[PDB]
Amino acid sequence: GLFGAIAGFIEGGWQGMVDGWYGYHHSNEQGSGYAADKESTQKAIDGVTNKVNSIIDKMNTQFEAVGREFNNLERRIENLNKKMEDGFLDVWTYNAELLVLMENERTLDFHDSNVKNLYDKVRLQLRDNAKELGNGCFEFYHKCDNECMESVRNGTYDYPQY
Amino acid sequence: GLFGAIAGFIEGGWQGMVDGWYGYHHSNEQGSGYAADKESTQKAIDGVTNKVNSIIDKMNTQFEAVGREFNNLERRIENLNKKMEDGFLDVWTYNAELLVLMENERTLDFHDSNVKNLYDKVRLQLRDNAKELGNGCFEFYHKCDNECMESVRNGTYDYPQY
Amino acid sequence: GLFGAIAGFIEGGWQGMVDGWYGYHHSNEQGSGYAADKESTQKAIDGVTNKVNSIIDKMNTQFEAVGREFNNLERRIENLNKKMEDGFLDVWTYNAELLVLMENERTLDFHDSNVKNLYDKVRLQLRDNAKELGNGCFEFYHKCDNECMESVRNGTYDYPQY
Amino acid sequence: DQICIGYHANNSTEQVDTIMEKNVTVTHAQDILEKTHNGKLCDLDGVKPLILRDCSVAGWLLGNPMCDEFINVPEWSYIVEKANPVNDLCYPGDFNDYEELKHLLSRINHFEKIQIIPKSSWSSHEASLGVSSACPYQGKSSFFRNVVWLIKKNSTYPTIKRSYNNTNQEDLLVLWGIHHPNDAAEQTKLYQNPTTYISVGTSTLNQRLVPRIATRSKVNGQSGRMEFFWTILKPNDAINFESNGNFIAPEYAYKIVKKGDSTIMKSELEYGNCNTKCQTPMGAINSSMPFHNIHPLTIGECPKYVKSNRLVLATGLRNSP
Amino acid sequence: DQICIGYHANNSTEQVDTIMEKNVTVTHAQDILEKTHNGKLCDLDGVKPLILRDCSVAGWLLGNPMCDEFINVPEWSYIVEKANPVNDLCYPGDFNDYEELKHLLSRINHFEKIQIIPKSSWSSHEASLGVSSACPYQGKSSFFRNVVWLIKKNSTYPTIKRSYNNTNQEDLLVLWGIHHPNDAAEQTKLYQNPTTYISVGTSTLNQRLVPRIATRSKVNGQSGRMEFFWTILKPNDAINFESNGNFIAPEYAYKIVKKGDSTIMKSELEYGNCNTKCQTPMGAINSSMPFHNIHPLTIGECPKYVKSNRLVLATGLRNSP
Amino acid sequence: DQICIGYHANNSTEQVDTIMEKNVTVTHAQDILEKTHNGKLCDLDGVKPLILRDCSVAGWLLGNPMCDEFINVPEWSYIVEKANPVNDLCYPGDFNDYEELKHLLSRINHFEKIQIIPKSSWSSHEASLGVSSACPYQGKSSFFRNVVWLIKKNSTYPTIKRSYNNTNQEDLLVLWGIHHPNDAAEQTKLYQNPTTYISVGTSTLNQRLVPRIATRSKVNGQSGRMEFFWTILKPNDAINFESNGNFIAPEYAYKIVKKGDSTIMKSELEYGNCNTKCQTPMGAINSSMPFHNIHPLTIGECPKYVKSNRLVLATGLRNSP
Ligand SMILES: *[C@@H]1O[C@H](CO)[C@@H](O)[C@H](O[C@@H]2O[C@H](CO)[C@@H](O)[C@H](O)[C@H]2NC(C)=O)[C@H]1NC(C)=O
Ligand SMILES: *[C@@H]1O[C@H](CO)[C@@H](O)[C@H](O[C@@H]2O[C@H](CO)[C@@H](O)[C@H](O)[C@H]2NC(C)=O)[C@H]1NC(C)=O
Ligand SMILES: *[C@@H]1O[C@H](CO)[C@@H](O)[C@H](O[C@@H]2O[C@H](CO)[C@@H](O)[C@H](O)[C@H]2NC(C)=O)[C@H]1NC(C)=O
Ligand SMILES: *[C@H]1O[C@H](CO)[C@@H](O[C@@H]2O[C@H](CO)[C@@H](O)[C@H](O)[C@H]2NC(C)=O)[C@H](O)[C@H]1NC(C)=O
Ligand SMILES: *[C@H]1O[C@H](CO)[C@@H](O[C@@H]2O[C@H](CO)[C@@H](O)[C@H](O)[C@H]2NC(C)=O)[C@H](O)[C@H]1NC(C)=O
Ligand SMILES: *[C@H]1O[C@H](CO)[C@@H](O[C@@H]2O[C@H](CO)[C@@H](O)[C@H](O)[C@H]2NC(C)=O)[C@H](O)[C@H]1NC(C)=O
Ligand SMILES: *[C@@H]1O[C@H](CO)[C@@H](O)[C@H](O)[C@H]1NC(C)=O
Ligand SMILES: *[C@@H]1O[C@H](CO)[C@@H](O)[C@H](O)[C@H]1NC(C)=O
Ligand SMILES: *[C@@H]1O[C@H](CO)[C@@H](O)[C@H](O)[C@H]1NC(C)=O
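- Header annotation of the entry names X-ray crystallography as the structure determination method and lists the resolution as 2.48 Å.

## Describing the overall build of chain D
Turning to step 1, where the next piece is worked out: For chain D, the helix and strand inventory stands at three helices and 29 strands.
Turning to step 2, where the next piece is worked out: Along the longest, intermediate and shortest principal axes, the C-alpha atoms of chain D span 120 × 45 × 35 Å.
Turning to step 3, where the next piece is worked out: The buried share of chain D, reckoned over its 321 residues, is 59%.
Turning to step 4, where the next piece is worked out: Taking the contacts inside chain D whose residues are at least 6 apart along the sequence as the reference set, 77% of them involve residues at least 24 apart.
Turning to step 5, where the next piece is worked out: By element, 46% of the accessible surface of chain D is carried by carbon and sulfur atoms, the whole surface being about 13,300 Å².

## Focus on the interface of chain A and chain D
Turning to step 1, where the next piece is worked out: In this complex, chain A contributes 66 residues to the contact, which on the side of chain D involves 45 residues.
Turning to step 2, where the next piece is worked out: Of all residues in chain A, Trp21(A), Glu69(A) and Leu108(A) bury the most surface against chain D, accounting for 14% of the area lost on that side.
Turning to step 3, where the next piece is worked out: Seen at the junction of chain A and chain D, the total is four salt bridges.
Turning to step 4, where the next piece is worked out: On the surface where chain A and chain D come into contact, there are 26 residue pairs in polar contact.
Turning to step 5, where the next piece is worked out: Per-element tally for the side of chain A that touches chain D: the top contributor is helix 2 (residues 75-126) of chain A, with 21 residues.
Turning to step 6, where the next piece is worked out: Partitioning the side of chain A that touches chain D into residue classes produces 37 nonpolar, 18 polar and 11 charged.
Turning to step 7, where the next piece is worked out: Where strand 1 (residues 22-28) of chain A meets strand 1 (residues 2-7) of chain D, six bridges bridge the pair, whose relative direction is antiparallel. When the bridges of strand 1 of chain D are listed, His26(A) appears paired with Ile3(D).

## Quick look at the packing of helix 1 (residues 38-58) of chain A against helix 2 of chain A
All names here are of chain A.
Turning to step 1, where the next piece is worked out: Orientation of helix 1 relative to helix 2, taken along the N-to-C sense of each, is 170°, at an axis distance of 11 Å. Regarding the angle of helix 1 to helix 2, the classification is roughly antiparallel. Residues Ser-40, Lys-43, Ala-44, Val-48, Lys-51 and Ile-55 of helix 1 pack against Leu-99, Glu-103, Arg-106, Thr-107, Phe-110, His-111, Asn-114 and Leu-118 of helix 2.
Turning to step 2, where the next piece is worked out: In terms of residue class, the contact of helix 1 with helix 2 is built from six nonpolar, four polar and four charged.

## Here's the deal with the packing of aromatic side chains
Residue and element names in this part refer to chain A.
Turning to step 1, where the next piece is worked out: Tallying each qualifying case throughout the model produces 66 aromatic pairs over all chains.
Turning to step 2, where the next piece is worked out: Ring centres of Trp-14 and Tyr-34 lie 5.3 Å apart, and the angle between their planes is 65°; on these two criteria the pair is classed as edge-to-face. Here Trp-14 is found in the segment before strand 1, whereas its partner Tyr-34 is found in strand 2 (residues 31-36), with 20 residues between them in sequence.
Turning to step 3, where the next piece is worked out: The exposure class assigned to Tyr-34 is partly exposed, which follows from its relative accessible area of 38%.

## Side note on the interface of chain C and chain E
Turning to step 1, where the next piece is worked out: Facing six residues of chain C, the contacting portion of chain E comprises five residues.
Turning to step 2, where the next piece is worked out: Interface of chain C and chain E: buried area, both sides summed, is about 530 Å²; carbon and sulfur atoms make up 59% of it.
Turning to step 3, where the next piece is worked out: A per-residue breakdown of the area chain C buries against chain E is headed by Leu73(C), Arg75(C) and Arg76(C), which together make up 91% of the total.
Turning to step 4, where the next piece is worked out: Our count for the chain C to chain E interface comes out at one salt bridge.

## Examining the state of the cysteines
Residue and element names in this part refer to chain D.
Turning to step 1, where the next piece is worked out: Scanning all chains against the criterion turns up 18 disulfides over all chains.
Turning to step 2, where the next piece is worked out: The disulfide that involves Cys-90 links it to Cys-135, with 2.0 Å between the sulfurs. Across the S-S bond linking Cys-90 and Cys-135, the dihedral sits near 90°, which makes this disulfide right-handed. Placement of the pair is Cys-90 in the loop between strand 8 (79-81) and strand 9 (93-95) and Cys-135 in strand 11 (residues 132-137), with a sequence separation of 45 residues.
Turning to step 3, where the next piece is worked out: We classify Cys-90 as buried; its relative accessible area is 9%.

## Observations regarding helix 2 (residues 75-126) of chain C
Turning to step 1, where the next piece is worked out: For helix 2 of chain C, which comprises 52 residues, the first-to-last C-alpha distance of 76 Å matches the rise-based estimate of 76 Å (1.5 Å per residue) to within 8%.
Turning to step 2, where the next piece is worked out: Counting buried residues along helix 2 of chain C, 44 of its 52 residues qualify, which places the element largely inside the surrounding structure.

## Observations regarding the side chain of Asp90(A)
Turning to step 1, where the next piece is worked out: As for its placement among the helices and strands, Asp90(A) is situated in helix 2.
Turning to step 2, where the next piece is worked out: Contacts of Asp90(A), omitting those with residues within four sequence positions, involve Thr61(C), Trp92(C) and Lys307(D).

## Describing the nonpolar core
Where a protein is soluble and globular, its nonpolar side chains tend to be buried together.
Turning to step 1, where the next piece is worked out: Among the nonpolar cores identified, the biggest contains 168 residues, and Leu126(A), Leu126(B) and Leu126(C) are the most heavily contacted of them.
Turning to step 2, where the next piece is worked out: Residue contacts for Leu126(C): discarding those within four places in its chain leaves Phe138(C), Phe140(C), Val152(C), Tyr157(C), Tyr159(C) and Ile3(F).

## Section: the environment of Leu101(C)
Turning to step 1, where the next piece is worked out: Within the secondary structure, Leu101(C) sits in helix 2.
Turning to step 2, where the next piece is worked out: The contact partners of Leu101(C), leaving out residues within four places of it in the chain, are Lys58(B), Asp17(F), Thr18(F) and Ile19(F).

## Concerning the pattern of salt bridges
Turning to step 1, where the next piece is worked out: Across all of its chains, the model carries 84 salt bridges over all chains by this definition.
Turning to step 2, where the next piece is worked out: Across the salt bridge formed by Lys102(F) and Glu69(C), the nearest N and O atoms sit 2.6 Å from each other. With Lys102(F) in helix 2 (residues 98-105) and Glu69(C) in the loop between helix 1 (38-58) and helix 2, this residue pair bridges two chains.
Turning to step 3, where the next piece is worked out: Relative accessible area serves as the criterion here: at 7%, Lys102(F) is assigned to the buried category.
Turning to step 4, where the next piece is worked out: Measuring nitrogen to oxygen at the nearest pair gives 2.9 Å for the salt bridge that ties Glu75(F) to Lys258(F). Of this pair, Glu75(F) sits in the loop between helix 1 (57-62) and strand 8 (79-81) while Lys258(F) sits in strand 21 (residues 252-259), placing them 183 residues apart in sequence.
Turning to step 5, where the next piece is worked out: Taking relative accessible area as the criterion, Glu75(F) reaches 36% and is therefore assigned partly exposed.
Turning to step 6, where the next piece is worked out: Within this structure, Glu69(A), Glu81(D), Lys102(D) and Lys266(D) form a network of salt bridges that share partners.

## Topic: the domain arrangement of chain D
Interfaces are often sized by the accessible area lost when the parts come together.
All names here are of chain D.
Turning to step 1, where the next piece is worked out: Split by domain assignment, chain D resolves into domain 1 (1-47 + 270-321) and domain 2 (48-269).
Turning to step 2, where the next piece is worked out: Between the C-alpha centres of domain 1 and domain 2 the distance comes to 48 Å.
Turning to step 3, where the next piece is worked out: Taken together, the 16 residues of domain 1 in the interface contact 17 residues of domain 2.
Turning to step 4, where the next piece is worked out: When domain 1 packs against domain 2, the two sides together hide about 1,200 Å² of surface, and 66% of this comes from carbon and sulfur.
Turning to step 5, where the next piece is worked out: Considering only the surface of domain 1 that becomes buried against domain 2, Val-47, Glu-270 and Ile-299 emerge as the three largest contributors, covering 47% of it.
Turning to step 6, where the next piece is worked out: Inspection of the region where domain 1 meets domain 2 yields one salt bridge.

## Looking at helix 3 (residues 146-154) of chain C
Turning to step 1, where the next piece is worked out: Buried within helix 3 of chain C we find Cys148(C), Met149(C), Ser151(C), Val152(C) and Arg153(C).
Turning to step 2, where the next piece is worked out: Its buried side turned inward, helix 3 of chain C meets strand 1 (22-28), strand 2 (31-36), helix 2 and strand 4 (137-140) of chain C together with strand 1 (2-7) of chain F.
Turning to step 3, where the next piece is worked out: Just downstream of helix 3 of chain C lies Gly155(C), where phi reads positive at about 100°.

## Remarks on the side chain of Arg76(A)
Turning to step 1, where the next piece is worked out: For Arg76(A), the location among the structural elements is in helix 2.
Turning to step 2, where the next piece is worked out: On the accessibility criterion, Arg76(A) (8% relative accessible area) is buried.
Turning to step 3, where the next piece is worked out: Of the polar contacts made by the side chain of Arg76(A), one reaches the side chain of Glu74(C); its length is 2.8 Å.
Turning to step 4, where the next piece is worked out: With residues near it in sequence (within four places) discarded, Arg76(A) still touches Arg68(C), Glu69(C), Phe70(C), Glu74(C), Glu99(F), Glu100(F) and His103(F).

## As for the sheet that holds strand 25 (residues 283-285) of chain D
Residue and element names in this part refer to chain D.
Turning to step 1, where the next piece is worked out: Spatially, three strands are ordered 25-24-27 in an open sheet, and the strand pairing comes out antiparallel. Either end of the sheet is taken by a strand with one partner, and the two such strands are strand 25 and strand 27 (299-300).
Turning to step 2, where the next piece is worked out: The pairing of strand 24 (residues 278-280) with strand 25 spans three bridges and is antiparallel. Bridge pairing in strand 25 places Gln-279 opposite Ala-284.

## Comments concerning the sheet that holds strand 1 of chain F
Turning to step 1, where the next piece is worked out: Spatially, the five strands line up as an open sheet ordered 2(C)-1(C)-1(F)-4(C)-3(C), and their pairing is antiparallel. The sheet is open, and its two edges are formed by strand 2 and strand 3 (130-132) of chain C, each paired on a single side. On average, each strand axis in the sheet is tilted by 20° relative to the strand beside it, whichever way the strands run.
Turning to step 2, where the next piece is worked out: The strands touched by helix 2 of chain C are strand 1, strand 3 and strand 4 of chain C together with strand 1 of chain F; relative to strand 1 of chain C, the strand with the most contacts, the crossing angle is about 40°.

## Some thoughts on unusual backbone geometry
Turning to step 1, where the next piece is worked out: Unlike most non-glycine residues, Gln138(D) shows phi in positive territory, near 50°.
Turning to step 2, where the next piece is worked out: For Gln138(D), a relative accessible area of 66% gives the class exposed.

Calculation rules
- Residues numbered from 1 in each chain as written, not as in the entry; some residues may be left out.
- Chains lettered and ligands numbered in written order.
- Heavy atoms only, no water.
- Helix = DSSP H or I, 4+ residues; strand = E, 2+ residues; numbered from the N terminus.
- Buried < 20%, exposed > 50% of the residue type's maximum accessible area, 1.4 Å probe, protein only.
- Contact = heavy atoms within 4.5 Å.
- Areas by Shrake-Rupley, 256 points an atom, 1.4 Å probe, with all protein chains shown as cover.
- Buried area = accessible area lost by both parts, 1.4 Å probe.
- Salt bridge = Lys/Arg side-chain N within 4 Å of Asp/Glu carboxyl O.
- Polar contact = N/O pair within 3.5 Å; in protein donor to acceptor, adjacent residues only side chain to side chain.
- Nonpolar A, V, L, I, M, F, W, Y, C, P; charged D, E, K, R; others polar.
- Pairing = 2+ DSSP bridges.
- Axes fitted to C-alpha atoms, helices over the stretch in contact; angles between N-to-C directions.
- Parallel < 35°, antiparallel > 145°, perpendicular 65-115°, else oblique.
- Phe/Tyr/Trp six-rings, centres within 6.5 Å; stacked < 30°, edge-to-face > 60°.
- Disulfide = S-S within 2.5 Å.
- Expected span 1.5 Å × (residues − 1).
- Core = buried A, V, L, I, M, F, W, Y, C linked by side-chain atoms within 4.5 Å.
- Domains from an automatic or database assignment.

So this is what it looks like as structure tokens:
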């Protein structure tokens, strides 16, 4: 993916994280677990929802065929009519298929970008107080209990404290 | 945004930087101030200008309606005509609205990318001679007077010197 | 470019790397050389190949003009016919030109992204065992013979070893 | 101790296409193309279609005696006609500007048939002998019930000079016809006079038909031909007829009570005892999808028709194996 | 000491839409849709339109005596006709292939009217008694000024055999007509002969009209009808007329001097004493925008018409609150 | 010691356009627009076109004596006609519903001409004197070879009552005509009877033509006119003709043996002794590209036509200077 996170430096997803699209997994002496990042998830939900409603709505006005009959010596205009109606269908079929292709690609990259941004947001907090393992994880130099972990998820990781 | 800089790790913009789209703010014992990065700004101006002229120009050739009249027993072709003209308007209205939507999204992401790239270009100069604060700023380990600051804006920051 | 690698922090390409789109150049006491990254290259080839076949194929169904004749007192429908056929050509010409423009832009950015991702994949292995020079290169703290270099290209660089 | 950043995965096998990659498995997806229908012709929001069954629009409107079912039909949502209805013009001929009239019915939901010229009204001509074996009814020779094939009386067809004034508020559809016989012997045998005409006038109409004699192939056992014409008589206008012979005179004409959104749908399907918001020639649609691929010719509140076999938007992200 | 990377912000409240987000505030934006017009009909690059006012194209070309304003009109950029002009055919009737002729005027900027058959030239028929109360002029009975309704002279309408040779360089539009009277009594009262015709020939035309007698609704107090015809007489060709009676003969015909880009625009608006590069039926456009949404039917150098209510491109970046 | 990440560069000068940047040099690119053709008219997959050369479709089908080359033509892939063929109707006139017939030929690959009414068969009329100097052949007066201009015999043109039964399996195209003479003197000089007609009937056709007398401009030295008509006679149907005079009778008619994909292509080019899969009016196309910009009217397995001057997709990456 364009942003390199999903199926990139983060090898795969988490069956175990059920309550959001992106989040954290922690590991300390007290235990381990998955916690969803609510802000980035909701952002992703709003964007994709608006994309779908945008797509549905732009396609709202679109060609409607109408039954039109012609006699045995009006073949030319019968054919003009058939061509005209078919032509618009082909145009609108193309618009629908291409839009879906193009936006699907952007939706996948959008998710990738959200993961990368959440990873960086964490990286930029921890700075040199943690080893960047290269797989999505940061190994702390200090011990980091559930309150410590929560502060990293907060946006609050007190760097001068550790 | 896809690149995570604008309204991301850089929280907001600068009312105080008036002479460009992207640039620097410095702070040392001598004072503080905003300086625009001319190269990245001009690059942004060229790209967006070409995008607008590309959009205007692709839409140049497009369906033109023409007055066409029919009598009381030519209803079928009158209707064919109305359908045909309306159909092309709907197609061209869709092309215009979708293009604007799609490219607006790309323009915003383009700016985001330019900011991120300018931030990285600075980061890659300073290396471990400055603390990466996580908000767009770098705090120097050494003192960094106006000549020092200018060298970072130059592309010239002499790393082995400091 | 959006991802900042191609013609960005990596100044230019390598005439000397002939067997792939992206790869590595090494330099040690034993010599120097170019080696292509096969995985990222093949990925790039698959994506671009599918893009071309997608483009060719979506355009497969498209308006076909047909010879239609009218007499001296059927001018209105002759004109309707000419307008209708011309209208579809303009629509399909626009679809072809815009698609090429839009996807060319994405193809260039795609390559940029692949380079950036390959650079990061290396960066994330080496961590603090190498200086990030800022130009695409990493200068090792330890000596790094051909076997060492190969392990960086492997995905195998043993960080706790060095 | 560590903290990792990650993303959702699940057991989804839904796939979406992109420009660069086909069949990408995703955690979540949204189909937007309706592919199914109920295979039936249904009422449109409670309003039943006019199903002409084995009759054509012409057989219906002229009153082909095989089309009695459609004498005084109630309001309709849309009309359904077969591709080749067997009960069209029972006595062979042409229906003039038939396609333009059909187009007119695409904007009509209801007719109210009324008698403008009574059959008893023809005191100088024979009004009950204009019947053919080509238009049988219950074993006997009959004819289009809405027009009267007038013939001579005691070897005299005197000139006809009739008028009808459209006094009612609603546009009136008026049908008449002309008979084209096989030869001069048949002309005198039916209408006496050798050279005849039918003149028809309104505020806008200036017509004068003359019978056209020729030997023709037999169709339904008849080598003669009936040519049918029509006009729309506006309110407060009058139509005048003048004829020597060969005149197929109106008896009943159609009052255009309700105008609106209709369509003549072409289908072999019969009534399916159902209701729907969206009807197509192959069946009715019941969906919330923005698109469908059943048939281009629809009526009602319908999704937008595309030729696609598949339209699926990614909502979620790339699902891990 | 520190150095920060940042981006411009300002006091802009301009907004743009994207696929994923509506109403995004940006530092800079560029509207590309022209939404305004001046509400007037104007000269097109200094060349004034032909404004037919209360006359139709037919009233104009035939010379309906209420349409004298448009006798010998100068060159025009475009034509403007109302939706239902009151001064059309003052004596009721039809104009044959009227829509095809109108289409022909979409490619004409100038006529130069000339006299091909003088009114004094009719030495055997009465050329100044062909007038009706349905075409009044200054309180008196008149008629289409460009054609002459010929009637009998001392109870004789002898056969007419006239020719006009298109000697001039420019295609010539020629109008004539036929009169359809109410009855046999009126036929003899005007043209004497009971059975008449009008034969018309050119290198391409092979016509023979016959009057059609019928009792019709009165329109403008007239139950008779006038049916008007036309052709384009090429240079160096000749048109021949032959008639027993009922012939409405050309006097004046139109020389097609200038061909070019024109249009028949439909509008109730009158002249607005202005000039413009781009005209629409609702008003003129003066803008540099690539798009507008005023009206699809434009003439001149115009932006491209779309049905949009809003088209705004982002140029700047996401503006901070 | 170091390791660097980098990307390919080469000596390519290929360029591609993007929205934001024109003329970007890339390492690899793929042209998708075919811009060349061979400038010739060719066989379509081994099947040669019908090249009418200086004849029109009418000249061909009626058998204008300058169009003998196209007597009994073999199967064709497509037809080629010049913009203004000189050998059209040698004796001036009109061809009725000519454009509808041309449209019919867009769906026909082969005719097989057959004799339905022998020329010797006309025992009561003169069948070999219907010739004009306007249709010369080898210095002598001739006529459309497929129809017979019948004239009187010993000052009598007795009524004609002929029938042809379409016994063969294949739809039959039948041509006939009517002669419109200059005056009453010429009517009696050719057909004796002053007032004539031609009646034509099939299961569907109910026609009765009457000659139309008028003085016309000379075209090819003739002021008379010939008006040609046609029908499609279905299998097992019969056509009946009745006439007093002026009847241009069928001799040969066309058997529609093969229906299929054809086109009437308009071009001044002659045969180019070649074969191709894709033909256009300006020349043949031999390419694998998805698009071309030669001409919109093509026949065969062709790329898709666009108005572009250039369509080049980037495959590689931005090439370094
Ligand atoms: C019958 O049709 C005529 C015209 O073809 C129409 O005018 C009649 O309506 C009345 O005509 C009267 C003239 O004698 C007129 O004085 C009266 O206003 C008019 N009625 C209306 C409602 O317009 C028609 N016959 C009727 C209504 O009995
Ligand atoms: C009148 O129209 C005829 C044909 O309908 C036309 O030919 C006349 O022009 C002249 O005809 C002469 C034949 O008598 C011919 O010798 C002469 O070349 C021709 N003139 C031109 C310019 O072609 C028309 N009458 C005229 C021009 O007086
Ligand atoms: C000639 O055309 C008639 C109708 O216009 C057609 O019916 C003839 O075919 C035969 O007609 C017979 C009636 O006399 C009938 O008994 C026979 O089935 C029918 N033949 C076919 C194959 O349908 C035509 N003449 C022929 C075939 O000689
Ligand atoms: C996020 O989490 C940190 C750690 O859990 C919060 O700080 C603690 O907050 C609790 C409850 O308010 C107090 O009882 C503790 O004394 C705090 N301890 C430490 C070590 O910080 C912080 O309040 C939270 N911040 C958010 C949600 O923004
Ligand atoms: C960018 O700025 C640095 C520092 O301002 C420049 O180096 C100085 O240049 C000035 C003027 O040329 C000299 O007087 C100084 O002696 C230099 N001092 C130092 C500390 O570098 C450098 O020339 C500039 N480089 C650019 C614009 O590329
Ligand atoms: C990638 O390369 C490293 C170094 O070249 C490989 O490790 C060596 O593999 C060779 C051959 O299998 C052995 O003889 C050596 O003993 C290994 N030496 C060292 C220092 O690692 C490794 O096998 C390769 N891994 C891949 C291709 O995944
Ligand atoms: C994608 O999946 C469909 C149906 O599951 C299959 O028919 C098709 O061949 C696949 N396409 C590709 C490109 O692998
Ligand atoms: C966006 O702004 C417009 C006008 O300012 C408003 O009418 C509209 O409701 C807003 N749309 C959304 C989706 O918030
Ligand atoms: C791009 O290149 C073409 C042909 O090589 C040239 O004609 C054109 O002017 C160039 N366009 C721009 C925008 O520089």
